[PDB]
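Close look at the chain arrangement
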Amino acid sequence: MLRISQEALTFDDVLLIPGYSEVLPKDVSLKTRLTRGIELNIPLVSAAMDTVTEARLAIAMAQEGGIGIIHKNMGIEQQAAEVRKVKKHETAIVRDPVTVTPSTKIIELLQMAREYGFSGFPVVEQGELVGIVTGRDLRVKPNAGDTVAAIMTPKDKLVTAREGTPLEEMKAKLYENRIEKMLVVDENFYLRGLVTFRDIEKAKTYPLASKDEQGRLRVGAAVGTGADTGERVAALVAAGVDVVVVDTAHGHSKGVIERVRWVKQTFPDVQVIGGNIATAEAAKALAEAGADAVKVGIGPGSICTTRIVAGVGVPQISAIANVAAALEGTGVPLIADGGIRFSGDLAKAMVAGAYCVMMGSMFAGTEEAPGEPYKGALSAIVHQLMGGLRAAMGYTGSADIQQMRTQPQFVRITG
Amino acid sequence: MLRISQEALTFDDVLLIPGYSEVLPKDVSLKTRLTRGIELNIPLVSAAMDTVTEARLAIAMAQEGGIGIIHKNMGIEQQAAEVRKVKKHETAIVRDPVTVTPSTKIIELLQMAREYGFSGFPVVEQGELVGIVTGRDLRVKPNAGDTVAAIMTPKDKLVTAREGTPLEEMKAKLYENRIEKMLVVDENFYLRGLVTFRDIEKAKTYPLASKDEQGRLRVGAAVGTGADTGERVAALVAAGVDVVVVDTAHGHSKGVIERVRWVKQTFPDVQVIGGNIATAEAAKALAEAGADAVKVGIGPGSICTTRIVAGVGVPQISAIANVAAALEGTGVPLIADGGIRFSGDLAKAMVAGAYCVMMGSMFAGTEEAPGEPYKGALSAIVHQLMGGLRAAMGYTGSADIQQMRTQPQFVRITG
Amino acid sequence: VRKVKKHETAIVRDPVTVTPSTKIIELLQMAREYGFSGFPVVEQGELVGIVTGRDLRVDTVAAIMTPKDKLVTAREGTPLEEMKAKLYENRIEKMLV
Ligand SMILES: Nc1ncnc2c1ncn2[C@@H]1O[C@H](COP(=O)(O)OP(=O)(O)OP(=O)(O)O)[C@@H](O)[C@H]1O
Ligand SMILES: Nc1ncnc2c1ncn2[C@@H]1O[C@H](COP(=O)(O)OP(=O)(O)OP(=O)(O)O)[C@@H](O)[C@H]1O
Ligand SMILES: Nc1ncnc2c1ncn2[C@@H]1O[C@H](COP(=O)(O)OP(=O)(O)OP(=O)(O)O)[C@@H](O)[C@H]1O
Ligand SMILES: Nc1ncnc2c1ncn2[C@@H]1O[C@H](COP(=O)(O)OP(=O)(O)OP(=O)(O)O)[C@@H](O)[C@H]1O
Ligand SMILES: Nc1ncnc2c1ncn2[C@@H]1O[C@H](COP(=O)(O)OP(=O)(O)OP(=O)(O)O)[C@@H](O)[C@H]1O
Ligand SMILES: Nc1ncnc2c1ncn2[C@@H]1O[C@H](COP(=O)(O)OP(=O)(O)OP(=O)(O)O)[C@@H](O)[C@H]1O
Ligand SMILES: [Mn+2]
Ligand SMILES: [Mn+2]
Ligand SMILES: [Mn+2]
Ligand SMILES: [Mn+2]
Ligand SMILES: [Mn+2]
Ligand SMILES: [Mn+2]
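Residues numbered from 1 in each chain as written, not as in the entry; some residues may be left out. Chains lettered and ligands numbered in written order. Part of a larger assembly, values for the part shown. Heavy atoms only, no water. Residues with missing side-chain atoms left out of burial classes, pairs and counts.

Moving on: the overall build of chain C. Looking only at helices and strands, chain C features 3 helices and 3 strands. Reading chain C from its N end, one meets helices and strands in the order α-β-β-α-β-α. In terms of overall dimensions, chain C has C-alpha extents of about 40 × 35 × 25 Å along its principal axes. (Helix = DSSP H or I, 4+ residues; strand = E, 2+ residues; numbered from the N terminus.)

What chain A contains, in helices and strands, is 15 helices and 18 strands. If one aligns the C-alpha atoms of chain A with their principal axes, the spans along those axes are about 90 × 50 × 35 Å.

Residues and elements named next belong to chain A. According to the domain assignment, chain A contains domain 1 (1-91 + 205-415) and domain 2 (92-204). For domain 1 and domain 2, the distance between their C-alpha centres works out to 41 Å. In this assembly, 6 residues from domain 1 lie in contact with 6 residues from domain 2. Roughly 560 Å² is buried in total at the junction of domain 1 and domain 2, and carbon and sulfur atoms are behind 47% of that figure. Broken down residue by residue, the surface that domain 1 buries against domain 2 is led by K88, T91 and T205, which jointly contribute 66%. Our count for the contact surface shared by domain 1 and domain 2 stands at 0 salt bridges. Where domain 1 packs against domain 2, one counts 4 residue pairs in polar contact. Class assignment for the residues of the side of domain 1 that touches domain 2 results in 1 nonpolar, 3 polar and 2 charged. (Domains from an automatic or database assignment. Contact = heavy atoms within 4.5 Å. Buried area = accessible area lost by both parts, 1.4 Å probe. Salt bridge = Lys/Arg side-chain N within 4 Å of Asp/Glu carboxyl O. Polar contact = N/O pair within 3.5 Å; in protein donor to acceptor, adjacent residues only side chain to side chain. Nonpolar A, V, L, I, M, F, W, Y, C, P; charged D, E, K, R; others polar.)

Before going further, it helps to examine the site of ligand 5. Residues and elements named next belong to chain C. Taken together, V12, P15, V16, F36, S37, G38, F39, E93 and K94 form the complete shell of residues around ligand 5. Between ligand 5 and the protein, one listed contact pairs an oxygen atom with a backbone N or O atom of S37 at 3.5 Å. Between ligand 5 and the protein, one listed contact pairs an oxygen atom with a side-chain N or O atom of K94 at 2.5 Å. Protein chains bury 51% of the 620 Å² of accessible surface belonging to ligand 5 in isolation. Residues belonging to the shell around ligand 5 are distributed by class as follows: 5 nonpolar, 2 polar and 2 charged. (Near = heavy atom within 4 Å. Areas by Shrake-Rupley, 256 points an atom, 1.4 Å probe, with all protein chains shown as cover.)

Now for the UniProt feature "domain: CBS" (unreviewed entry) in chain A. Residue and element names in this part refer to chain A. Feature annotation in UniProt assigns "domain: CBS" (unreviewed entry) to the following positions: residues 93-148 and 152-210. Between the C-alpha atoms that bound residues 93-148 the distance is 24 Å, and the span itself is 21% helix and 20% strand. Annotated as residues 152-210, this span is 24% helix and 27% strand, and its ends, taken at the C-alpha atoms, are 41 Å apart. (UniProt positions renumbered as here; feature names shortened; annotations may be inferred.)

Residue and element names in this part refer to chain A. Taken together, the 3 strands give an open sheet; going across it, the order is 9-10-11, and neighbouring strands pair in mixed fashion. In the strand order of this sheet, the two ends are held by strand 9 (160-162) and strand 11 (191-196), each with one partner. Neighbour-to-neighbour, the strand axes of the sheet open up by a mean angle of 30 degrees, direction not taken into account. Where strand 9 lies against strand 10 (residues 181-185), 3 bridges are found, and the strand directions are parallel. Paired with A161 across the strands is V184, a residue of strand 10. Its contacts with the sheet place helix 5 (residues 167-176) against strand 9, strand 10 and strand 11, and it is angled at close to 130 degrees to strand 10. (Pairing = 2+ DSSP bridges. Axes fitted to C-alpha atoms, helices over the stretch in contact; angles between N-to-C directions.)

Right, let's get into the relation of the copies chain A and chain B. Taken as rigid bodies, chain A and chain B are interconverted by a rotation of 90 degrees and an axial shift of 0.0 Å, the fit giving an RMSD of 0.0 Å. When the rotation and shift are considered jointly, the pair of chain copies conforms to a four-fold rotation axis. Comparing interface residues between copies, only 5% of those in chain A also lie at the interface in chain B; the contact surfaces differ. (Least-squares fit on C-alpha atoms.)

Contacts between chain C and chain A engage 11 residues on the former and 10 residues on the latter. If you list the elements that add at least two residues to the side of chain C that touches chain A, you get helix 2 (53-56) and helix 3 (80-89) of chain C. Here the residues of the side of chain C that touches chain A are counted per class, giving 4 nonpolar, 1 polar and 6 charged.

What follows concerns the nonpolar core. Generally speaking, nonpolar side chains in soluble globular proteins are found buried as a group. Judged by nonpolar contacts, the single largest core of 170 residues is most densely connected at A:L44, A:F363, B:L44 and B:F363. At 9 residues, helix 14 (residues 378-396) of chain A tops the list of elements feeding residues into this core. Judged by nonpolar contacts, the second largest core, of 18 residues, contains C:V41, C:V51, C:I64 and C:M65. (Core = buried A, V, L, I, M, F, W, Y, C linked by side-chain atoms within 4.5 Å. Buried < 20%, exposed > 50% of the residue type's maximum accessible area, 1.4 Å probe, protein only.)

Our focus in this paragraph is the pairing of strand 6 (residues 121-125) of chain A. Residue and element names in this part refer to chain A. For strand 6, the tally of buried residues reaches 4 of 5 residues, placing the bulk of the element in the interior. Summarising the sheet, strand 6 and strand 7 (residues 128-133) pair through 5 bridges and their orientation is antiparallel. The residue of strand 7 that forms the bridge with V123 is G131. The hairpin formed by strand 6 and strand 7 contains 2 residues between the paired strands, and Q126 there has a positive phi angle of roughly 50 degrees.

The next subject is the environment of A:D156. All names here are of chain A. Mapped onto the elements, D156 comes out in the loop between strand 8 (153-154) and strand 9. On the basis of relative accessible area, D156 is assigned to the exposed category, the value being 62%. Along the primary structure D156 and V130 are separated by 26 residues, whereas in three dimensions their C-alpha atoms are 8.6 Å apart.

Right, let's talk about the packing of aromatic side chains for a bit. In the structure shown here, the tally under the stated rule is 10 aromatic pairs over all chains. Between A:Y116 and A:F121 the ring centres are 6.5 Å apart and the planes differ by 70 degrees, which places this aromatic pair in the edge-to-face class. Using a relative accessible area of 1% as the deciding quantity, one classes A:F121 as buried. An aromatic cluster of at least three residues, connected via ring pairs, comprises A:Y116, A:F118 and A:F121. Cation over ring: B:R178 sits above B:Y175, and NZ or CZ is 4.5 Å from the ring centre. Between the NZ or CZ atom of B:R259 and the centre of the ring of B:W262, over which it lies, the distance is 4.8 Å. (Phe/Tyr/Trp six-rings, centres within 6.5 Å; stacked < 30°, edge-to-face > 60°. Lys NZ or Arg CZ within 6 Å of the ring centre and 35° of its normal.)

Structure representation (structure tokens):
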């Protein structure tokens, strides 16, 4: 008459059993679903933390084939402006470069300059492009009580490209005119972007980039429950957010359920994820409320505060599986959120039933993450992660993710 | 509806239960099979790693009663030349000693000399033996613009032995002529070997030495899958290799199966091992393909990258047993490859069902291993290993290996 | 010693040169050892152009060099402040004396 439901397993309790395999790791397909209406080419999502996902990494994740969820620890208008950044981003275009103006004194220019760590500035007048100044233009004082009009390259010169021009054509003109900056303009010669030679010499055609119907990069955003949530969700949906995540510690509650329903009935053109949960019953509740995806993870970390401060949690491998089984015929995907420290874990989560996995601290050290163990680019981490998934998929003989989630088997281990 | 096949046990989960015992450790028989057509006097095989098995250790292992598998991390002709070394090796004979020539200047001799760390050189002419020079010959310049012809011991002198002469007769003549070098010659007086007094004063009659039908030391070699494999296997079989090991991370695959079959149908006079595997189904696949032995081991190490980077593996004790059971009536042996850190483990593997065990890092520090914790001679390690096996065999009352593999029992333990 | 004695402070006497002719693969290869890019292009004494870093971001130097009918030269001893003046107005870094 002690009330134990079951024995629950985490990642370190199980291993994947190798199977007959005809497809090589490099040839398996990693494409999956984030929500019933959103598809990722890789099963990766970055977590909604101020140390992890803002616009900068959100972009990176979208380009890599996954998605980022902007964190809410910031003003409403700030969070929506991050969503704007990601939704409006083109590869290497600064679409809002720092500018100057014919009448800005050269004293101000040197000052700016210094403050920013670069020297190239388009000269504008109420949006109209009228000239450009750079480092070369500044190598002599004509003698300084004078302005950018005096040293800038005048309008009649100026190499320009229209907005939406391929980088190649764009690269070609920079070299042929032996210059380093390309000014993007529109049909009225208003300045729409800056594109540098240095920025073109990097970063691909991301053929996996997760894009919306309009060819813009996908992004999500977190929201809590209570009072500003409705106002918050509204600004985020106005910003063009693809998916709204109702992100909480206890997803199996009146307040979370009600809010997921409220979102899905008020903003019918967004996708809604509901979370965190860890049981079958919780899963069915969010599905009924109309959740487009369900997020799985309560006390999934052995030292995490949920376990230790509250004595609450469910080992992730059994949580995921219990939720997977619950959502069977629904078409509602599940995301595995927490407790993954190695790429082996990511494979295990997938075979347990996840459609893709959310990660926090993996990405937290990265070059893209906010501010300032600095792990360098997100490229290497994401590549290693998928590297291991593919290896796992090779061993088990799973050609794609549907198969990986449904067919391989585990051995239970001890120590 | 979480998909667990079973609970799997590793070495630290079990212990051997002592039984009625009439034969002492020193009196049990350790002879076993490596492949259906190759017999070892001890159940030891050294692993195919650039840090472990090249010709030098391959020899040592053969002489000790086991076998070595030359690694593939080298050019095709290089790997085959290692196989040649082992297959052509006689105890203490340098069969390709460094030589000189009547006309090599004494400047060159002193130089060589230094470079090599020894001073004794047979003097030859297109294979014909014509004289010898050593340290004593070099203790005065007659005055150096002159050659080895001038200081060497002439042909008419020269103690020689024909090739294939016992070391005793050979030792006897060295002492009686009070000299340190024996020159081996053939029926035309062509130089076939050098045999030193220092080299005779060491190393036995290895009565356990694993030899082929022609009395040459046995050796194996690893090969992968893909493109040069066919060419590689061909040069290795031309080199006289006893056994070809198709050594891969995932043995239960189209590519490995197909290649094992290809080898066994193209080179019918070699033995073929197929690997790594960890399930019963995998075992049956390689047996069907015609494997002469099967190698067992996937993620057998608690920290190993397979487990951690890919989340894949099967604890070795259950892998071995599951494979043993599968190969029952076939006559196809199984080799246990990975996860052994103490000699107790080696006994456990044997009782679990292995015919012999492959080891890597055990031998990796050794004097024979490639280059440069230096563990000294392979003798001591191999002796300690078998020491513990014999003790285990004493406790369980197993007079030989067939019995050890089939009769004793385990207790399951906890911590 | 000659190396020092041939140093002005900066007019550089005896500069490293190249030819249209010399392969583009080899340029790039200099380039990298010498330090510095930028080489007055010469045939057999006569100045026929100039090749700097900007010309290289793209078989002979003939295709990518900056040609004679476009070179900014200054005759010797033009003072240095006059020479800087001209360098500024052409928005270039190297003056050929
Ligand atoms: N006005 C600006 N506003 C926003 N971003 C800028 C601006 N100017 C430069 N950047 C960013 O900084 C990068 C480097 O600027 P910088 O002026 O150093 O380029 P550059 O003159 O081409 O340098 P280099 O001569 O080494 O190629 C650009 O590629 C761009 O990403
Ligand atoms: N798109 C453009 N059209 C016309 N002129 C330009 C353009 N971009 C830059 N310039 C002009 O070309 C000259 C060189 O500018 P650029 O920015 O390429 O080099 P820089 O970064 O100033 O030089 P450096 O790399 O040596 O510091 C300057 O006079 C600048 O005003
Ligand atoms: N020409 C050679 N080619 C290959 N190996 C050699 C050659 N000469 C010597 N060795 C190896 O080096 C060992 C020692 O050579 P060294 O010349 O020191 O012998 P040594 O003169 O008999 O020494 P000591 O006088 O101490 O007995 C030999 O036993 C042999 O294994
Ligand atoms: N097989 C042989 N037949 C005839 N003479 C030999 C033979 N081997 C060596 N000698 C000669 O015997 C002499 C002594 O040679 P040996 O190699 O035994 O001693 P060493 O190593 O030169 O002397 P030490 O050990 O003091 O350095 C030399 O003149 C050498 O040329
Ligand atoms: N072809 C050459 N032969 C000999 N000396 C040279 C040559 N080119 C440059 N130098 C000298 O070595 C230095 C190399 O600098 P570099 O050629 O990079 O100048 P730069 O391109 O004008 O530099 P920056 O772009 O940073 O202003 C120059 O200051 C010059 O004194
Ligand atoms: N004396 C000159 N006359 C005519 N053109 C020149 C002269 N010197 C350089 N150029 C040309 O001007 C352009 C840039 O040359 P410059 O040496 O000023 O740039 P750079 O050394 O490549 O500077 P960075 O690498 O810092 O951009 C090239 O097209 C080059 O051929
Ligand atoms: Mn610049
Ligand atoms: Mn530059
Ligand atoms: Mn000696
Ligand atoms: Mn001696
Ligand atoms: Mn320069
Ligand atoms: Mn410059």
